[PDB]
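Have a look below at one chain only, the form deposited without this ligand, in structure tokens format.
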């Protein structure tokens, strides 16, 4: 539950965003101007929040805006991530100036969240006017799923989304569900907006086999690079410039819902292409037969993708989860946050799963099976 996103609350987020900008302006960080660039994103977020306030110019319009379900969640998430960025700089101390530290890695995670949130707020409020109830999901079969389970909702909790998705496309485990949350919930707010659903369904289309497409194209494919920048894609492929057909594919933080395939040409140049509103695996199979996409990340083995026209280990899901912000969520259910600590092993989970486990005569801790000497309520942050 969130409080009303009134003018006073919207302004509190501006002051927090301002603090983050000054922290990130420190030249000891040697911050790359490559996307997501927090120094462009936060002022652009402020300008969009002003554009929204200029459209709702009277007290009655402001009251309607303050009680908008999506707007309340958005302002609360914006406040939370800004406070989190301030805390990261405080606790990080000198580790913020170490490009390879976990504190800096967390800053990249926040920068990506702020980037995704800006694209989301511009899609839901184009020109500062709410259009969430009129948001058009690109894929019709995916739009019918959203309309069936969520009606005209602009945003739904992750918990409800995952349960309803499972009715159509089965999710085989807690780790898979955790990996799926980090892929769809781009803003890391424990909700799925109709815009995040549109991005995910555009990337892993067709809808009919979306989870097989996601598992084969992203979780386990050696060519998949997530939001690795164009410069890093070219520098990664530079090592294989003597192997024509070496290719990698990435997501674009400035072009959400689109893929960018970098590859080595016959003359050793590294070129890129953005496939149309077509399935990524189709472009990859087309490119394989034509001779452009043969070696995913220079690897001589190109996985056979032709099965998607008509398995993943727990370890594979665990590795995939590292780039995300899912540490705060119970690993057993992947729907409730961790709120309880076992003693003396220290394993964390939600109370509901611990109760289910104790009521099943499960011996000791569900993770390690050491005797549960006691429990303690806790609050976990994704960066612990």
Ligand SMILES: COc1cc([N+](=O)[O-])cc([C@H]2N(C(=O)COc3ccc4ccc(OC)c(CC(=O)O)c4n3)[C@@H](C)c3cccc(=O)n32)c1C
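Numbering follows the first chain given and starts at 1. Between two forms, the rigid core is defined as the largest C-alpha subset superposing within 1.5 Å.
Another form exists, solved in complex with this ligand; not displayed. Remarks below refer to it.
Proximity of residue 81 to this ligand in the deposited bound form: non-hydrogen atoms within 4.5 Å are absent; the residue sits far from the partner. In the deposited bound form, this ligand sits within 4.5 Å of a heavy atom of residue 252. Interface residue remark: residue 119 is not counted as part of the site for this ligand in the deposited bound form, having no heavy atom within 4.5 Å. Taking the partner from the other structure, this ligand in the deposited bound form has no heavy atom within 4.5 Å of any heavy atom of residue 295. Three-residue candidate spot 158, 163 and 192; no residue lies within 4.5 angstroms of this ligand in the deposited bound form by any non-hydrogen atom.
Though this ligand is absent from this view, in the deposited bound form it lies within 4.5 Å of a heavy atom of just one residue from 89, 207, 130, 230, which is 230. For the options 285, 211, 143, 260, the one in contact with this ligand in the deposited bound form, meaning a heavy atom within 4.5 Å, is 260. Exactly one of the stretches 295-303, 70-78, 267-275, 89-97 approaches this ligand in the deposited bound form with heavy atoms within 4.5 Å, and it is 267-275. Of the residues 157, 126, 291, 208, just one CA atom moves 2 angstroms or more between this form and the one not shown under rigid-core superposition; it belongs to 291. Relative to the superposed rigid core, residue 255 undergoes a CA displacement smaller than 2 Å between this form and the one not shown.
After superposition on the rigid core, displacement of the C-alpha of residue 84 between this form and the one not shown stays below 2 Å.
Once the rigid core is overlaid between this form and the one not shown, residue 241 counts among the residues whose Cα shifts by 2 Å or more.
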